[PDB]
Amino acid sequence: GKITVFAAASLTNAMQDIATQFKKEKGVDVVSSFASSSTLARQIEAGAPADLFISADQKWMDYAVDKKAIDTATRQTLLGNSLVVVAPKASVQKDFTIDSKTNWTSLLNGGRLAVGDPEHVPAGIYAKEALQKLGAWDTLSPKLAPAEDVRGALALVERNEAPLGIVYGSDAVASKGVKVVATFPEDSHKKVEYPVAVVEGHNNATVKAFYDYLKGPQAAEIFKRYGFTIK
């Protein structure tokens, strides 16, 4: 048959490679839809026919679980990731540390900070939480350049439309146009975690085969190569 996966935008490259490999190995077609985890969870709630859902945070998975849209026995934390600051490849921006006394204003220089919409995109929620903990939020809120998902924020930095952007470590690995210039301290935000679960009513042998494949060695190889930490 055919499997439909709704996955956080940050999983774009890894998921495409995994789907290709699975088709080679088992002969089944895997179609993925990528967007902010918030958007995907609301689509699942509305009745969009996805078989699997992989969120970039626990929050949006919990959301789908409460709407009775998830086969809960299948929910499991699959990946981890880091939160970093990127700049265009050709920027002269040098590495810097992120602490209570980081001067964001001079780093930006009249430019904007690209972020996933902190209102609902997981990347933006982790970022806001970190900037609030570090006391820089009040200063940065008027300087944001929000985007539809983390890849939208990444694109702004790649196209040199924003000097700095907050994305996942994995996004930097997949991007040929940016470079990591700082890494958020692990204690500044909730641990970045990706839960996976089968959508309610879609737990059949074909979907289960792919779900098991995601926790296997071939998939772990691809995830590691793209910068994700395997939980």
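Throughout, we count residues from 1 along the sequence that is shown.
Trainee: So, looking at the entry's B-factor column for Cα atoms, which has the higher mean, 7 to 15 or 216 to 224?
Mentor: According to the entry, 216 to 224 carries the higher average C-alpha B-factor.
Trainee: Give the stretch, out of 94 to 102 and 157 to 165, with the larger mean C-alpha temperature factor in the deposited entry.
Mentor: The stretch with the larger mean CA B-factor is 94 to 102.
Trainee: Per the entry, which of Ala123, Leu134, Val84, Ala114 tops the list for Cα B factor?
Mentor: Each of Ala123, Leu134, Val84, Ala114 was compared by C-alpha B-factor; the highest is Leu134.
Trainee: Which one of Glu200, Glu193, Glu186, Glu45 shows the biggest C-alpha B-factor in the PDB entry?
Mentor: Of the candidates given, the C-alpha B-factor peaks at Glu186.
Trainee: Ordered by C-alpha B-factor within the chain, which third holds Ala147? Give me lowest, middle or highest, please.
Mentor: Lowest third.
Trainee: Is the Cα B-factor recorded for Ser36 in the lowest, middle or highest third of its chain?
Mentor: Within its chain, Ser36 is a lowest-third residue by C-alpha B-factor, going by the deposited values.
Trainee: Lowest, middle or highest third of the chain for the C-alpha temperature factor of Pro118?
Mentor: Ranked within chain, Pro118 CA B lands in the middle tercile.
Trainee: Using the B-factor values recorded in the entry, state whether the Cα atom of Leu52 falls in the lowest, middle or highest third among the modelled residues of its chain.
Mentor: According to the entry, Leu52 has a C-alpha B-factor in the chain's lowest third.
Trainee: Considering only modelled residues of the same chain, in which third does the CA B-factor of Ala172 rank: lowest, middle or highest?
Mentor: Middle third.
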